[PDB]
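Participant: for now just these chains, pulled out of the complex without moving them:
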Amino acid sequence: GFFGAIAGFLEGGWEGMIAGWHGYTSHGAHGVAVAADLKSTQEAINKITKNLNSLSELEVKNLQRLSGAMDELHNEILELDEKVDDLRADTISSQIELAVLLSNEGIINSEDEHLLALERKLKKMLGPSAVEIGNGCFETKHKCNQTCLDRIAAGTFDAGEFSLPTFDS
Amino acid sequence: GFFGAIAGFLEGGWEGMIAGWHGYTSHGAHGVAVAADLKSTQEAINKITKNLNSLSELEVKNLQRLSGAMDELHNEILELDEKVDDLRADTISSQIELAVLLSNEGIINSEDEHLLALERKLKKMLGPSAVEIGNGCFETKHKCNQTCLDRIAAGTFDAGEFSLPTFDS
Amino acid sequence: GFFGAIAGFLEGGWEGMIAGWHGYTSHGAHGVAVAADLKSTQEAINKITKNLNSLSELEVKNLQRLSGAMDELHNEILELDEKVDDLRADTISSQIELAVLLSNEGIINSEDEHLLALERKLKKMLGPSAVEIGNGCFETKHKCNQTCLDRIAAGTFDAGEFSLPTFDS
Amino acid sequence: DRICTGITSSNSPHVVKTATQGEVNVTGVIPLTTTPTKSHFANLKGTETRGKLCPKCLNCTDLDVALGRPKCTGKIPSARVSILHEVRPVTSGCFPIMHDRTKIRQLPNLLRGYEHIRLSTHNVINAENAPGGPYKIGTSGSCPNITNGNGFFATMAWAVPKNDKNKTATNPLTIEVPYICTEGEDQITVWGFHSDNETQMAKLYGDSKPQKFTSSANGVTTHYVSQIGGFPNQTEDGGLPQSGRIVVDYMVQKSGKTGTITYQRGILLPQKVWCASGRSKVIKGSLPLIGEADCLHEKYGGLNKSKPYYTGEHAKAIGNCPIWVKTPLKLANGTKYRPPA
Amino acid sequence: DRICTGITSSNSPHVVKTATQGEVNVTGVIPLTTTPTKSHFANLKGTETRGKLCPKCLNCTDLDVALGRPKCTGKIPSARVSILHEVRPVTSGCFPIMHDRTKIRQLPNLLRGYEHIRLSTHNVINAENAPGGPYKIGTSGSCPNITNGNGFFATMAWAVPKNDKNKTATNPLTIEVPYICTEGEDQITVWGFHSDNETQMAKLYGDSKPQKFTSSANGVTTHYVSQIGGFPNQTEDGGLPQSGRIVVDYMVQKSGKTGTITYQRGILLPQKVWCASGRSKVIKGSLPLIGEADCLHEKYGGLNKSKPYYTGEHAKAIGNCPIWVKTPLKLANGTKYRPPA
């Protein structure tokens, strides 16, 4: 969104993660590690599914032939019937299209905010061993390889292993 | 919302505060203190009230008997009249339902963001005497009891009393 | 919005910047410097223009005289025709008003978030030479005049010039 | 010591619908809905409200006024809103009419549709000079006038062919009905005919056999044929027993256009004529109209606007009204339900 | 070492619409749309579905059942939904009708409109005692009954005037048609007339010249006049050659109101009479109804509800239905397309 473009968050994503929709990345002389966060993805999926149920519970009246009509006799009345049917279908269609458009807008705009929450979860398990860059990034005093990153993705990361100040639980 | 679940913000609230909708909490060997912020609550209340006025200013045409009708003579025309009335009421109803649904969505989703602002107001009066946890929490070098917390809720908290670096005003 | 009021972000803006919609400010004994950020403004402009195209692609059926009508003969049918037309124009109008209202709500609420991203871009080029105030502000160890600020607005600011820790690129 | 941010926990009985979170329990709510309660009908706030065609013509129903029954005449005032009380309107008197043989019963509800109504002045046609030979004009008891004694509907003249003379049966005579009203007014012409005993028929007119009639006004053609022998027992009439009966029809004449009637013996040639313009918004109510209301609902009568929307039986309604909704709706005033910790 | 946040990059063929970002390419999508396929018609799930007026009246069409043709009589059950299969319905026998000279053809489709239908009991009028002199009642082969042999429509009596006696031409006789049905039922009256050879006319009734007829029921007036010489070749009839033909019309009588008929020689006075109430939601389908469906679409026949909305030809549809939409719509399930880096 506009947020990612302004704040300096990475333009474009990594194709390394087929595991989920959003995740974390490691840099260094150890190469480039990539991992995914399942709770973020699951939450997104729920937003969407609930959204769909909301769209699917819309109910509208039937539009059948009127009963005193008579094709031979009253055509003019009948033409007007046709008119009211067509007009209905049109209007209701527009309304629906709107509901969808709004819904999609929400789904897509929310994706920067997801990242912005992931930021806060990552900050949680560090200690002040890293500085907030504001880029959505931190600089850790140690090095982090793939196995090290999967443990942060799982939320099991607490470093006394790399011995640095711990945020107590 | 999704934000609170991802970022590690507290799942579930405290029933201690009947004062307002959103607030701050103190932990330690002094027990657990709870306080509320009135400006956040007032702001929420305003969002809502204005929202209501917006919903209440909707205006729609009248739907009365047509004047050339004649119950005895033209029933078929009249049946079609009935049709158009019913169809109108239905469509308009759906539209309204939508407007409301959207509105409620806004009201509920905004509540995480409220908390996210309260975070920034708390950070304001500390100094770098506390570290940003990202959990929506900080670790203060001193202890804070109830009377101490009410002063932060009132926004009157500035600590040279506990003597630690001050953010100047 | 509510965010600016709660978090302590500045109530009211500076009239110094005609360059863009959102920007940065410098304080000190050097006076008060003001600068604007073009990418934020451009992004806003795009949100809006695209929004407008979305509004402008709405299409609705025609509403002309029905062809078996006959002014002299069937007035009552004709009265009902009139009815259906009026009813249509009303409903569709309401729908449009709603679409607009929502759109505007988005445009205006997003403006705090813009500022919130600008915060992150500013934090990017400092180093930990400044502390996060949470007010949307930082305290830099050096002084910054107008020429110094235009370089941050342009994104060309990296300080080894004022020699303080650099965030590497 | 640690300092965090948090929201409230409390009793959360109210439920609300959201697109992203599904259906949630919430601290409080502002209801946007009401189910109103059936009341009597009232006067509409900003506006004229017409119940009775003319009030002050007392012991007179709307049909009576409309037919121009003697002693029922008066100012029929104007209304931007009218109420339709009688779905099958009735005469309170005068001469016996066989109502159901023509559309005549609806005439008052037709007049009611317009904003401006007035009986005409003068006459759309001279009955005595009409085609078919000079006519004496017939009157009957059961139709008393300002004075008392024999009379008839203002609306039409009962053409009885003079005296012995040339009195006999004729082939259909044709007649044009002039426009007579002003501007953009619709002109509603009332006319009809009269039958009797087989012997009375030969006494009055020259003829025993049935007589035939035709109306044509701007596209709308109608045809009638008389009954000779015994008719229905008299009803809604003025109360005096008569051997004969009367058929009454009206024909609308567009803005400017003339009209035609063809007839044989026993014709009632129209005299005074309805002149109408404007339009009034008609609803189905039931007098009396008591007090004021913001809204008039066909089902609920008088209504005052409370919340923006209402749940309930939907029907036609005029005035400042709440909008009908499928379900009672709630706007969320509060927070999402949070379990304590 | 630096640790940042990122989102995925992958193949993004699906496109979605968004107010702020314009039209974007996206990882995945949940389609909300379907273009259904034309299938045969079926039985609406929750509900009665009426195809044929009475089934079990075999070798009978709905018009046949409506007209009361001998051996077509049976329970016409009730439905909240009916299907209109014959746009121009037909007779399958009895006496030759000149269909096209009245509205009679639609009578079944009219009955169809109601939820509850029923032939009456007894007779709305005694034909033999009717005005115009005592009548023998006529029957014709081509109209066989339970037994076999000469009969007619249940719906009406063929008033032939007795025997030599007072047999001659009359001026129009007038007749009232009583209400006969219950409560809030509509009462549909079927009636008509009969013409023949010039010599046959003088043999049957007293008269060679044409005869004339009139129906009036609550505002609706109609007029008819007979043919004497050669008629159209017989059609949709019972198969036996006759020199004469028959004209049949129906007249609806509102809830409570009476009706009128005027006639000369050759009248078919109505006997049994339709009694209808309630209303059925009619669609244009084509039997047979096969199986069950959620939905009945006028274009697509049977339908099952799959996705909330559909794209395609729109028309009248009843039952649990998907909603019609201008364009196939997609809900976004995924992320914005991100080029790799």
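Facilitator: That came through fine. Residues are numbered from 1 along each chain as shown, chains lettered A, B, ... in the order given.
Participant: tell me the residues of chain D that contact chain A?
Facilitator: D:17-22, D:326 (C-beta under 8 Å from any C-beta of the partner chain). Quick note: C-beta positions are derived from backbone N, CA and C, even for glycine.
Participant: who wins for most neighbours among the residues you listed?
Facilitator: residue D:19 (25 neighbours; other C-beta atoms under 10 Å in any protein chain shown).
Participant: just to revisit the earlier point, which ones among the residues of chain D next to chain A map onto strands?
Facilitator: D:17-18, D:22 (DSSP state E).
Participant: what is the nearest of these to residue E:87?
Facilitator: Nearest to residue E:87, judged by C-beta to C-beta, of these is residue D:17 at 44.8 Å.
Participant: quick check: closest non-adjacent residue to residue D:232.
Facilitator: Spatial nearest neighbour of residue D:232, chain neighbours left out: residue D:98 (6.1 Å); criterion: C-beta to C-beta, 6 or more residues apart in numbering or on different chains.
Participant: quick revisit: mind giving me CSV with the residues of chain D next to chain A and columns for distance to chain C?
Facilitator: Formatted as CSV, these follow (distance: C-beta to the nearest C-beta, whole Å):
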residue, distance to chain C
D:17, 17
D:18, 15
D:19, 12
D:20, 15
D:21, 19
D:22, 21
D:326, 16
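Participant: out of those, which comes closest to residue D:226?
Facilitator: residue D:326 (55.5 Å).
Participant: quick one: residues contacting that closest one.
Facilitator: Residues counted as contacts of residue D:326 (C-beta atoms under 8 Å, 6 or more residues apart in numbering or on different chains) are A:59, B:90, B:93-94, B:97, D:311.
Participant: residues of stretch A:64-79 that come out buried?
Facilitator: Residues of stretch A:64-79 classed as buried: A:64-70, A:74, A:76-78 (neighbour count, 16 or more other C-beta atoms under 10 Å in any protein chain shown).
Participant: how far does it sit from its chain's centre?
Facilitator: 50 Å (C-alpha atoms, centre = their mean, to the nearest Å).
Participant: out of the contacts of residue D:326, which end up buried?
Facilitator: B:90, B:93-94, B:97, D:311.
Participant: go through these and name the one nearest chain E.
Facilitator: Relative to chain E, the closest of the buried ones among the contacts of residue D:326 is residue B:94; by C-beta to the nearest C-beta it sits at 10.3 Å.
Participant: in which helix or strand does the closest one reside?
Facilitator: Residue B:94 belongs to helix B:75-124 when elements are defined using DSSP states H and E.
Participant: still on that earlier bit, now the buried ones among the contacts of residue D:326 in JSON lines, with distance to residue E:190?
Facilitator: Output for these, formatted as JSON lines (distance: C-beta to C-beta, whole Å):
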{"residue": "B:90", "distance to residue E:190": "38"}
{"residue": "B:93", "distance to residue E:190": "43"}
{"residue": "B:94", "distance to residue E:190": "44"}
{"residue": "B:97", "distance to residue E:190": "48"}
{"residue": "D:311", "distance to residue E:190": "45"}
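Participant: which single one of those is nearest to residue A:156?
Facilitator: Nearest member of these to residue A:156, counting by C-beta to C-beta, is residue B:97, at 45.1 Å.
Participant: what's the local residue count around residue D:174?
Facilitator: 11.
Participant: sec struct for it, please.
Facilitator: Of the three states, residue D:174 takes strand under DSSP: H, G, I helix; E, B strand; the rest coil.
Participant: chain F follows; place it on the structure:
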Amino acid sequence: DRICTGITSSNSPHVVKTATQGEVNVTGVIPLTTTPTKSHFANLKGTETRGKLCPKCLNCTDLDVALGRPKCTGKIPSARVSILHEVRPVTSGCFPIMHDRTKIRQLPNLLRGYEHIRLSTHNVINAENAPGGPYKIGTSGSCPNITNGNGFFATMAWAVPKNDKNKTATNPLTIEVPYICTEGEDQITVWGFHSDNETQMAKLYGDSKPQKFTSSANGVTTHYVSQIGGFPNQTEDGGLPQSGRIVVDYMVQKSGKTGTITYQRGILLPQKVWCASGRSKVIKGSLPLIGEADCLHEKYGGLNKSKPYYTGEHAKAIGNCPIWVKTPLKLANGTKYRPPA
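Facilitator: Next up, chain F placed on what we already have:
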């Protein structure tokens, strides 16, 4: 030194509506609205536009074309859009018609409704051989033809009963009107009759008394009776004084169905006949059509699409149009008003 973030302060005259913040003052706005200005009527951009039934039949009005008045015949071309200029159409000549006694005046506006219109070829019936004895065909000055001298409407034949012979009064003769058009075309039949001086009537036909007429086409029945004595002063006619007048009606015959007419002396039997199919989208305009427009508004005439929506008088409009809105609407292009500090 401190470095913060901030937004602009400036003149903020424009106001916009928001759900959360209420009504706010804003830096700038993009207006979505226009109030268009009444102009003359134009040609619709993408499409045919029919004003006059046939142009190139000059000194001929639409009604003239429609009735088939001599020298008014031509190609009536086809249009997906037509404009209704004459709300009460008029004849420019030929024989005097009493127009208001039938629906005849709308015929041109009826034809206009269709996309495809054509006069027929040949004749729907041989007038001279019609029932009632051999007929000479009548013509009159006031109806000149290509050459000049006596003629009549193409649309019908004036049946004058030969010479002395069997000339006398008859009882109603009946006649079938064949279908004659193609495929799914509607067939519009024009017919009518003629009256005169009492003595002229006995000179022409065998009869002084009035004659009676009937039309029946697929459910729609109409009845007429003639005038003998003095008629209205002649109007819209060809200018020569005649003692007699003419009544003209049309009857529409559905797709495939036949039609009926009954008549006595003075009948105009239909000859050529209208054949129509397709449908044209009619609006109420006023020639001439000048230039091109995107849109045709019934109130504003020609219109070009500028902004998506417009404020103003709403009515029927065809083409690429802006959408009508209750209030002039603004999209926000800017920031919330900020007081300087």
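Participant: and the neighbour count of residue D:174, now that chain F is part of it?
Facilitator: 20.
Participant: do the same with residue D:126
Facilitator: Around residue D:126 there are 12 residues (other C-beta under 10 Å).
Participant: quick check: it vs residue D:178, distance?
Facilitator: 11 Å (C-beta to C-beta, to the nearest Å).
Participant: and for residue D:13?
Facilitator: Taking C-beta to C-beta, one finds residue D:13 at 74 Å from residue D:178.
Participant: so the two - more neighbours on which side?
Facilitator: Per other C-beta under 10 Å, whichever of residue D:13 and residue D:178 has more neighbours is residue D:178, with 14 against 10.
Participant: contacting residues for the residue located most distally from the centre of chain A?
Facilitator: For chain A, the largest distance from the centre (C-alpha atoms, centre = their mean) belongs to residue A:73, which lies 57.4 Å off. By C-beta under 8 Å, 6+ apart, the residues touching residue A:73 are E:103, E:106, F:218-220.
Participant: could you redo the last one with a cut-off of 7 Å?
Facilitator: Counting by C-beta atoms under 7 Å, 6 or more residues apart in numbering or on different chains, residue A:73 touches E:103, E:106, F:219.
Participant: let's see if you can find the most crowded of those residues.
Facilitator: Counting by other C-beta under 10 Å, top hit in the contacts of residue A:73: residue E:106 with 24 neighbours.
Participant: count the neighbours of the closest residue to residue D:22 other than its chain neighbours for me.
Facilitator: Leaving aside its sequence neighbours, residue D:22 sits nearest to residue A:50 (C-beta to C-beta, 6+ apart; 4.3 Å). Using other C-beta under 10 Å, residue A:50 is surrounded by 16 other residues.
Participant: so residue A:50 touches residue D:24, yeah?
Facilitator: No - Residue A:50 is beyond contact range of residue D:24, at 10.3 Å (criterion: C-beta atoms under 7 Å).
Participant: list the buried residues of stretch D:139-157.
Facilitator: D:139-140, D:142-144, D:151-157.
Participant: what does that stretch contact?
Facilitator: With C-beta under 7 Å, 6+ apart as the test, stretch D:139-157 has contacts from D:67-71, D:73, D:94-95, D:127, D:137-138, D:158, D:190-192, D:237-240, D:242, D:268-272.
Participant: can you give me phi and psi for residue D:276?
Facilitator: phi -130, psi 150 (degrees, to the nearest 10).
Participant: does it touch residue D:116 like I think?
Facilitator: Yes - the criterion here is C-beta under 7 Å, and residue D:276 meets it with residue D:116 at 6.3 Å.
Participant: who's more crowded, the two?
Facilitator: The neighbour count for residue D:276 versus residue D:116, taken as other C-beta under 10 Å, is higher for residue D:276 (21 against 15).
Participant: near residue D:336, how many other residues are there?
Facilitator: Other residues close to residue D:336 by other C-beta under 10 Å number 23.
Participant: pretty sure it is touching residue B:108, no?
Facilitator: Yes - with contact defined as C-beta under 7 Å, residue D:336 counts as touching residue B:108 (5.9 Å).
Participant: how about the strands in the stretch 1-150 of chain D?
Facilitator: D:2-7, D:14-18, D:22-26, D:29-31, D:43-44, D:81-83, D:116-118, D:136-138 (DSSP state E, counting those that start in this stretch).
Participant: could you see whether chain B lies near the second one?
Facilitator: Yes - if you take C-beta under 7 Å from any C-beta of the partner chain as the test, strand D:14-18 does meet chain B, through D:16-18.
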